[PDB]
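**Student:** got a sequence here, can you build the structure:
(6 chains)
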6 protein chains.
Amino acid sequence: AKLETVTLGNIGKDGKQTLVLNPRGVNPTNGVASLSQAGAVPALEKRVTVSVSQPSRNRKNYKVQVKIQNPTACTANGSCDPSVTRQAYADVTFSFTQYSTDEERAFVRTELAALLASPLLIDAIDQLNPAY
Amino acid sequence: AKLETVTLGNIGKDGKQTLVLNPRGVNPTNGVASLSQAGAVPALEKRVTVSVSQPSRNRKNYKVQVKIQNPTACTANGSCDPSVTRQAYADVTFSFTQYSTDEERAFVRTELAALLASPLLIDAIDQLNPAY
Amino acid sequence: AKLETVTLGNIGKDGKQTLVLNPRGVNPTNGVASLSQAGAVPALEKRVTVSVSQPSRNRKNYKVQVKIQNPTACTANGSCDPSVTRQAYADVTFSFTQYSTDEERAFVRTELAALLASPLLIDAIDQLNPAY
Amino acid sequence: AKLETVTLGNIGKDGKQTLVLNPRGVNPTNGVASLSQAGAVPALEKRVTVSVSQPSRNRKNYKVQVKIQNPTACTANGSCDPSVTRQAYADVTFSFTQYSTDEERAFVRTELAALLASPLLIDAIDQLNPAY
Amino acid sequence: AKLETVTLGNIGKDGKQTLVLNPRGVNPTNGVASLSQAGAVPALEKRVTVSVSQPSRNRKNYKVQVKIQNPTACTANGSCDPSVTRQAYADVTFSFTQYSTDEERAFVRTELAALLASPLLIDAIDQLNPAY
Amino acid sequence: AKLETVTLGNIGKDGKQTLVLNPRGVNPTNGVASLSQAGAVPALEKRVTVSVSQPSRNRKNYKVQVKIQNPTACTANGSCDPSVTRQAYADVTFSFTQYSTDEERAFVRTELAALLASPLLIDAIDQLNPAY
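**Tutor:** Numbers count the residues shown, from 1 in each chain, chains lettered A, B, ... in the order given. Shown next is the structure:
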């Protein structure tokens, strides 16, 4: 699409947070758009990436994949600038036949958005206990 | 969580559709919960799967992964029972340090759900045109 | 150029048809812009692609190449969504020395456009009989 | 068709030039028609060539291809007769199924002629800047 | 940034010249933006290029590099269109840790700009004699 | 030139800082002049270096290159003297034919200084986002 500044609301465990992702570049040799929460230092800011890839005689399917990467920082022992002490990642990969309709594709996008909101996925992701 | 019958609403290109996923089994040797829209014949019904997996000395990270799979069917040439004529898949994989807080995990989950609703991701998925 | 939505008229055997090509992305790893007649399903829509490529120590010449690809579809045997039952392609490849003037290049472009309108090229492409 | 003398008008950067291509032969071992602006010396005259080639069990497709070759000359250093000091080439290759209709072929030819007049294709060829 | 038309003033040995660099394209397979003083023939025009490159598990540092390339042309012996008879190149490469602040980067940028105005660098570049 | 103490003003993100570089030596086996902001401890001070190199039957071109190296120090972990916890480097490399005029070289030098002040390069170096 148009590589706007995308800004998500009603985010978080709260239900009441927000994230502004400014469009920190497009192509990096490898056809991947890129966004990131304007932060103190490059190493420290949340990120997202989106890429679509037309089918090449090799893999015959359209393939969209999104990636989230949130670093967390600690002003580690008595030092100065903070250190990244772990990262939480997420990435989806959609796969669609050349012959799929946009109604089909849109259903999959929205089905996953609804599924992430479900009580089952909340205990799978928030609480990390499995499903019995 | 508890392996309920999950029912997603406000789904679809419309914004006004709904999906009931009935809990068609749990463990299949490989720790994967499993649901499916009760449909005419096995081969023909929407699916989802959920798995979280504790870190084992090998991979040190908790890893949650969801998978969507929607067959689309055609009452193919002058025959009887319909055939699957293509499938649209999606799958996410969350990755969290052993040392991450649920606020972090829940934030990643909700950011992805909000991002799937954003205008940028809609053109990537529904319309498959990339980001410029 | 600016990746506008290009809209060609007075097209066709008629001389009286029109084609709107909406700019379905730019870079796909391999510097190829891309347009497409917004159509029912990905596999089914007309396309064009444009690429220029500066000379790199290897090939000393600027090289422009455009590509046309029109699928033609049949609601084949008593099924549903139609199948692509053939494609007609065309592609030009312009080659210009680093030392060429734009008048030189523009002449070649317009000569080829004029040549495609000529009686000789019409029997070569439309009617497929050669030239005697 | 008939290997007439073809004469292209409204050519050039101007829009107001013309090219007379006189039919300097047909077959040269390899079924290639051939034209040339009657010029001072063989090496110095603009050319075009046309070939169609019936499908042979090898390649199952009819294949038409046209080739432009315009040499540019300089009465280089205080000498006599001019030299070719570069060439600008263009060539198309059409590819059509045995099962294609002339309407299909004609649409491709006219689409390509229309496309060479478009503003986007002008910056790729005349100004050589790519598409963003 | 936005790939504007950059126009540098107070340039040159004089201190009193100006250079218009028009944005002749962006990506050419390898993520390199590109500008050039619109000149007679491609081979003959001044150029500049800019690239940033996110660190990839390989090289852990952000790396920005700018490149200048000015051909000089001679209406070479008794000919026509001139030939390029030498080029003067310059290229910078900035290298920054992921954990650097923009104040740090801005300091290096402005330090290098001030340093090119200094009396010492002028005898190194303009006059090519070393430092004693 | 004469290896003066160079002192750059109007430096920095501010535009309103200054840097004194005192001439801490010349030759170190490999013909490299050398300067540095007098700082607490060797490991901790800003640097610059300049070299010209006459062309030797090998590389036929004069080649001037400047290098910036700014360490950043943190009175890290409840210790004493600080440690260098990252460095920001920059280096240019000018390359001139034996047959270049100093006006050409001076133009490249001043062209690169103006270019570091331009709005485009500022977003490349300070903000690290590329050009679109």
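**Student:** tell me the SS of the residue of chain A found nearest chain E?
**Tutor:** Using C-beta to the nearest C-beta, the single residue of chain A nearest to chain E is residue A:43, 3.7 Å away. For the C-beta atoms, the positions are set from N, CA and C on the backbone; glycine is no exception. With DSSP: H, G, I helix; E, B strand; the rest coil as the basis, the three-state label of residue A:43 is helix.
**Student:** starting at the chain centroid, how far to whichever helix or strand residue A:48 is part of?
**Tutor:** When elements are assigned from DSSP states H and E, residue A:48 belongs to strand A:47-53. Strand A:47-53 has its C-alpha centroid displaced from the chain centroid by 8 Å (C-alpha atoms, centre = their mean, to the nearest Å).
**Student:** C-terminal to it, which secondary structure element comes first?
**Tutor:** Next along the chain after strand A:47-53, with elements defined by DSSP H and E, is strand A:62-74.
**Student:** on that earlier part again, tell me which strands the strand holding residue A:48 pairs with, and in which orientation.
**Tutor:** Strand pairing for strand A:47-53, using DSSP bridges, gives strand A:35-36 (antiparallel), strand A:62-74 (antiparallel).
**Student:** of all these, which lies closest to residue D:131?
**Tutor:** The closest of the strands paired with strand A:47-53 to residue D:131 is strand A:62-74. By C-beta to C-beta, the value is 21.3 Å.
**Student:** so residue A:7 lies in a strand, does it not?
**Tutor:** Yes - applying three-state DSSP, one finds residue A:7 inside a strand.
**Student:** isn't it right up against residue A:20?
**Tutor:** Yes - contact status for residue A:7 versus residue A:20: in contact at 4.7 Å, counting by C-beta atoms under 8 Å.
**Student:** and chain A, which residues reach chain C?
**Tutor:** Selection of chain A residues close to chain C by C-beta under 8 Å from any C-beta of the partner chain yields A:26-27, A:29-31, A:52-54, A:62, A:96-101.
**Student:** let's see which of the residues you listed end up in strands.
**Tutor:** Mapping these onto strands (DSSP state E) picks out A:52-53, A:62, A:96.
**Student:** if we can go back for a sec, which non-adjacent residue is nearest the residue of chain A closest to chain E?
**Tutor:** Residue nearest to residue A:43 in three dimensions, not counting chain neighbours: residue E:98, with 3.7 Å by C-beta to C-beta, 6 or more residues apart in numbering or on different chains.
**Student:** count of neighbours near that neighbour?
**Tutor:** Using other C-beta atoms under 10 Å in any protein chain shown, residue E:98 has 17 neighbouring residues.
**Student:** give me the residue from chain A nearest chain C.
**Tutor:** Evaluated by C-beta to the nearest C-beta, chain A has residue A:98 as its residue closest to chain C, separated by 3.7 Å.
**Student:** you'd agree that residue is up against residue C:43?
**Tutor:** Yes - shown here, residue A:98 and residue C:43 form a contact pair, counting by C-beta under 8 Å, at 3.7 Å.
**Student:** and the longest helix for chain A?
**Tutor:** Here the longest helix in chain A is taken by residue count, with DSSP state H as the criterion, and it is helix A:102-117.
**Student:** close to chain F: what parts of chain A are there?
**Tutor:** A:3, A:23-28, A:42, A:77-81.
**Student:** in a markdown table, list those residues along with neighbour count and distance to residue D:107.
**Tutor:** Putting the residues of chain A next to chain F into a markdown table (neighbours: other C-beta atoms under 10 Å in any protein chain shown; distance: C-beta to C-beta, whole Å) gives the following:
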| residue | neighbour count | distance to residue D:107 |
| --- | --- | --- |
| A:3 | 18 | 34 |
| A:23 | 18 | 39 |
| A:24 | 22 | 43 |
| A:25 | 20 | 39 |
| A:26 | 23 | 34 |
| A:27 | 25 | 33 |
| A:28 | 17 | 38 |
| A:42 | 21 | 51 |
| A:77 | 9 | 72 |
| A:78 | 11 | 74 |
| A:79 | 18 | 68 |
| A:80 | 15 | 67 |
| A:81 | 19 | 62 |
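**Student:** from those residues, pick the one nearest chain B.
**Tutor:** Each of those was scored against chain B by C-beta to the nearest C-beta, and residue A:3 proved nearest at 5.0 Å.
**Student:** on the three-state scheme, that closest one is what?
**Tutor:** The local conformation at residue A:3, judged by three-state DSSP, is coil.
**Student:** and it, how far from residue D:127?
**Tutor:** 25 Å (C-beta to C-beta, to the nearest Å).
**Student:** again with residue A:112
**Tutor:** Remark: distance between residue A:112 and residue D:127 (C-beta to C-beta) = 44 Å.
**Student:** and those two? Which one has more around it.
**Tutor:** Residue environment comparison for residue A:112 versus residue D:127 gives the larger neighbour count to residue A:112, 26 against 18, counting by other C-beta under 10 Å.
**Student:** coming back round to it: neighbour count added to the ones in strands among the residues of chain A next to chain C, as CSV?
**Tutor:** Converted to CSV, those look like this (neighbours: other C-beta atoms under 10 Å in any protein chain shown):
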residue, neighbour count
A:52, 24
A:53, 19
A:62, 21
A:96, 25
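**Student:** so can I have JSON lines of those residues showing distance to residue B:11?
**Tutor:** Formatted as JSON lines, those follow (distance: C-beta to C-beta, whole Å):
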{"residue": "A:52", "distance to residue B:11": "22"}
{"residue": "A:53", "distance to residue B:11": "26"}
{"residue": "A:62", "distance to residue B:11": "21"}
{"residue": "A:96", "distance to residue B:11": "17"}
